[PDB]
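Engineer: Numbering (the entry's author numbering), first residue to last: 1 to 100.
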Ligand SMILES: [Zn+2]
């Protein structure tokens, strides 16, 4: 038996701005009532931000414009979409290497 294993590596891109404008056209907005992610167009993203507050019922849609409705995408999809680290959790893992 020629058992063989391996693993990946660590590499990514680097931005030059603060976390306040992800994606290209469409943007991501969180509800200030139920705390749910909502994808909106760049056309409304520059209009709903009049009070720094957004809600489901405030959404441009009709079937997905309400706190009673459901989410548009999964946390995993959103996390990978923006490239953030959703779900803090214990976060317990190896790190013997430490910073340095
Ligand atoms: Zn909501």
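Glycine included, each C-beta is placed from N, C-alpha and C at the ideal position.
1) Secondary structure at residue 42, three-state DSSP: helix, strand or coil?
2) Are residue 26 and residue 38 closer than 7 Å when you measure CB to CB?
3) Just to confirm before moving on: does the CB-CB distance between residue 33 and residue 67 stay below 7 Å?
4) Quick check: residue 44 and residue 60, are their CB atoms within less than 7 Å of each other?
5) Go to residue 54, then tell me how far its beta strand (DSSP E) extends in each direction, as first and last residue.
6) Under 6 Å: does the beta carbon of residue 62 sit that close to some heavy atom of ligand 1?
7) Between 83, 89, 91, which lies nearest to residue 15 when the distance is taken from Cα to Cα?
Structural biologist: From the atom records:
1) helix
2) no
3) Yes, the Cβ-Cβ distance between residue 33 and residue 67 is below 7 Å.
4) Cβ distance < 7 Å, so residue 44 and residue 60 count as in contact.
5) Note, residue 54: premise wrong, no beta strand (DSSP E); not H, not E.
6) Ligand 1 never approaches residue 62 closely enough for any of its heavy atoms to be under 6 Å from the residue's Cβ.
7) 83
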